[PDB]
Each structure stands twice: as structure tokens, then as C-alpha cells.
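Both blocks below hold the same protein chain, though in two forms, and each is given as C-alpha cells: structure 1 and structure 2.
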Structure 1
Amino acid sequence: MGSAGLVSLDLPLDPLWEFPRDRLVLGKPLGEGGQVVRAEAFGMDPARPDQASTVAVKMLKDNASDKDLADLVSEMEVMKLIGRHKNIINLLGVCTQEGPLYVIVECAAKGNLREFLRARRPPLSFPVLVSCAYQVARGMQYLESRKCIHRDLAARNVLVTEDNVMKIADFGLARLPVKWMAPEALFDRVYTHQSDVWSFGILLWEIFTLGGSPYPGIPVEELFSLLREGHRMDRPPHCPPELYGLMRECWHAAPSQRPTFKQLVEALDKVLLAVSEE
């Protein structure tokens, strides 16, 4: 029971990824933009065929165009090439043949990182916050090694499992993320790994403000003019200068002066180690 666009595209059966439609029972909605719904999957680990699993399933709406289908097909194929990693949301399967296009991934029980942090504000220990930042750094390092540029790294686009494992995702634009973007991305529309490093800096600031909104008070129209005078966000409350140093390094105007994701993984591991020692 597929749409007119999907029948026209006539996608092939990928034997590594095609999962049976009848072994998937849809449940509660998780997110909207397409839409994400929670589902029960049976035999998603094919060695254990009768074993039940909770998954997340992305799909188009009834009022979706052919361009929206092409984007979801484009999203499907990008996720195949990236590969399995601890800190990327794992593709589990797809449904393409006998109905609407479904893109299946693992369900992160605690939701997105922004709502995770905001929900646990005081009326989250320091090692947990450093672990979050470190894990996102490791995910982005993996992305870069796969020659993959995210373009919209933010707390909303990181998912959190039951065990507080960070899973990098992309849900598209929210219902333009100006406050997360490097100058070259905002102004010249040039996206690189180093432009993702800028956004990681803004994500770090989100984590240690417990899901705070960046540049509070300053409207988006006045932001870019303020950036090229050299102004940046101040050190947030209860944040050491070592972590603030990494943020300011991420916000260097020149991309080459910003740290690499390899360097960010190394620096954050030292902070994780320092907070665990005693």
C-alpha cells in the first residue's frame, strides 16, 4: 500500500537491510517534523527470530511530496554507508517493497539529549556531563573518518539510551539553526568537518548549561554581526575553565585554528579521567 512516488521509484531489495513488514507492530509516536514512531520488532537480531525488540521507525506523512520521498531514500542510503558505531544511532532495517517506506533504527529510551538534561535540572553529576560530551566527540570522530559532515549537530539531534549511551542522529530542521552554525556555514554556505567542530562547541555549552538555549536574550538577526567583533558566550555557571577553553577553541573564527575531533576526543578523555580519579 505504497504511495505514487514510491511505486514510481521502484527501489531494489537490499539483502543486508530489507526487514519484513509483517514482523513490525507500530506504536506510540516519538517525533514529528516525516514522523518517528515507536514499534515492536520481532527477529531484528535474525539469530533470535522470535525475540521481541523496541525500535524507532521513520516514515513520510500522507501529505508528503516526491522530493520528500527522495530525501528519505537519500537518508536511507547515507545511513547504510556510515556503518555501526557505539555513538551513532544504529540503522537496524528498512521496509521498501510491499508498502510505505520505513527506515528502522534502535529506540533510545531517554529521548533527545536536550530534554534529558532539562528534565534532570535541580529544583546530573559532573562525570555524567563529561561522559555525554566525550561520547558525542567519539561519534563525530567516527563520522569524520567516514568522510561524513553532519551540518546540524545539536543537543536535539543527540539521542540517549537507557544506559546513558549518546547516539548521534539527525531529525532534520525543527518545526535554520543559526545559533549552532560556523561563520562560513552561516554566511558562505560552506560546510566542513571544522564547521561541525563549531557546532560541537555550542553543544558543549548546552550540556554544561543543562540544556540551555544558546545566546540567551540576543535575537538571531543581531548574532552574526556580534560574532565578527570577536564576542562569544560567557563561561556558564558551574563549568570549569578547562571545558570553557575547549568551547572557545571550537569558536575560533579561522577553521584551521579550531581543534579536530581527534583532539577533542583526547582532551575530553583527560577530563573524564580527572573527574574519575578521586
Structure 2
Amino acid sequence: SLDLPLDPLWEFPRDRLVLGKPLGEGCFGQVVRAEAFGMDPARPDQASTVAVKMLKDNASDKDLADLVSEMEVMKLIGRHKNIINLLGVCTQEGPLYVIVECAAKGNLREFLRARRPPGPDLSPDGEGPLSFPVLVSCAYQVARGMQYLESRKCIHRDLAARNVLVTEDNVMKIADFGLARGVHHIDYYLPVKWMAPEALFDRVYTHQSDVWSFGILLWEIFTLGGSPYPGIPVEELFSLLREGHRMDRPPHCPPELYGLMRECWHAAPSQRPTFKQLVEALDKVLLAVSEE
């Protein structure tokens, strides 16, 4: 019963996207790479690469309901540089395709881990592909992305480096918008170590719980895609947090940034910084790096 109206802001033709090169295959649904022609109407014959989300052969009534609403809430949220944006939809002349932005460099964790140096550095503390400015940029872009998402009333259970995608130009796109207007982001491709205490235990997901997770994401960035809480089983991580345990400062991380990580991990949600403040703090660092 696929009879959605033709939304003239978002409807894009079938004839104009060329499919193939599958990027991810979840349960009952899949994301494939595709070349789209004139996704910018200002350049109407010019081509560009995109990511197309669709249902698998094993189709369902509820899953088509989820994919439709997901696509509807995406255009409700609006565009931002640091989120995976909706590009177009194909509703009428065939099955549902939701066209979104493609990130050529994979997720942030994968991006970071692939660009690691082969071992330890010359010094324990204190120019290449993962420069300090590049890492500060990564952190900043995600903060901007979350700041936007929160202004659009988007809540997450958590946020991790695997949820952030990286484009050819190292622009960080958050892939999971989360829950918004009673519709979840379905992934066609629990994380206890990322979740804030209230999210783990009381299942209260707020802006303050997103900040905690961002703290863990920062620690991920500055360990070049490190696994959080190393050598600690997921069982009885919670006990450690209850006692006051937090992760140490990574080998190559300024105390300024570690300050921010610890600030994100305050037990009281009100003691944690807002994403407005995280953006202020990260921009000051970025500026400091560019100076002299």
C-alpha cells in the first residue's frame, strides 16, 4: 500500500540514480552506493555519488512504515553540515528509496584506526594525517552536529565514533539522529561503555546524557579509535563508575581536553557542560592551534 504523496521539495526520479556497490546490509533492509545525476539542480547534468537506503527482498509492513517515518523526520529536522543529510526520495514509480549523503572515508573509528602510526612515538607525551588540529577539528564538528540535533529535539541512547561518518574532505557527519517525533533511526549496516549512568540504569536519555557519551567519543578521538575502559569487562564497569572511576588521560592528549572529558563525566547531569559550552571550548583550542 505504498501511496505517499509526491512531495515536490524531496521527490527525485528513478531514471536519474544508478545503483550498485552495496555499502551495508542489515536485517530486512540495506544501504547501497549510487551515482545520482543533478542532485544539485543548479548543476542538472553533473553527477555525484550518494547513499541509497531501501528495503530487502524479505519485505515487511512495519519496516516500510519505519523507513517512511524515518525519511519524514529527516526533512523535519532540516540540514546541517555535520549530520548525514537527506538528499531526495523515490516514492511513486517503484519501491521506497531514501537518498542520503555518502561518506567516502567510512566511520570515524575506522577512519582513525586506519590512519594510526605503526607503534609508540618518540616521546610519551606531547603534521601527518592525524594532526592535533585534525583531531581537534573532528571533536569540534561532532559537537556542532550534536548542538544542532539537540536544537531539533533529537534524543539518543548514546553517541560513539562508529555513529559518526567521515567524508572525502574530513567533514564529520553524525549518522544516527536517534529518536525524534516518536520515530527511531533505523540502521541498515547495548554500547554500555558509552552510556551515561542514568541511561544505563534509570533509562533517562537527555541532552546531559549525550554530553557524557561525547566525553567517551573525545577519548576515542584522542586515542585514535581506542576501545574505552580497556581490560575492564562490561559486567562490573558500572560498579567502578559508582565508586568514582573514570578513564585516564590518553598518552598524547593535552590536560585542557582531558579537562573536558572529565567535565563530561560528572555524576550529576547539571554539573556536565552543555554542547554550547563544548563548542566554545573546542573552538578556543582550534584557534589556539592555528595561532603561531
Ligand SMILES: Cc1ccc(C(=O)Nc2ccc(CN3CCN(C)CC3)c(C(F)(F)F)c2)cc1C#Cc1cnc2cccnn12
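The term rigid core refers to the most C-alpha atoms you can superpose between the two forms while keeping them within 1.5 Å. For residue numbers, the reference is structure 1: its sequence is counted from 1.
(message) Tell me which of the two structures is the form solved without the ligand, please.
(response) Of the two forms shown, it is structure 2 that corresponds to the form solved without the ligand, while structure 1 does not.
(message) For the core superposition between structure 1 and structure 2, please identify the residue among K61, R248, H231, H238 whose CA shift reaches 2 Å or more.
(response) By this measure, the answer is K61.
(request) Establish whether a shift of 2 Å or more occurs at the C-alpha of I218 between structure 1 and structure 2, with the two forms superposed on the rigid core. (result) Comparing forms between structure 1 and structure 2, the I218 CA shifts below 2 Å.
(message) Relative to the superposed rigid core, does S195 relocate between structure 1 and structure 2 - that is, does its Cα move 2 Å or more?
(response) False for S195: its C-alpha shift is below 2 Å.
(request) For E115, decide whether the Cα shift between structure 1 and structure 2 is 2 Å or greater, given a superposition on the rigid core. (result) No, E115 moves less than 2 Å.
(message) Can you give me the Cα shift for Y102 between structure 1 and structure 2? Core-superposed, in angstrom, one decimal please.
(response) Comparing between structure 1 and structure 2 after core fitting, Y102 shifts 1.8 Å at its C-alpha.
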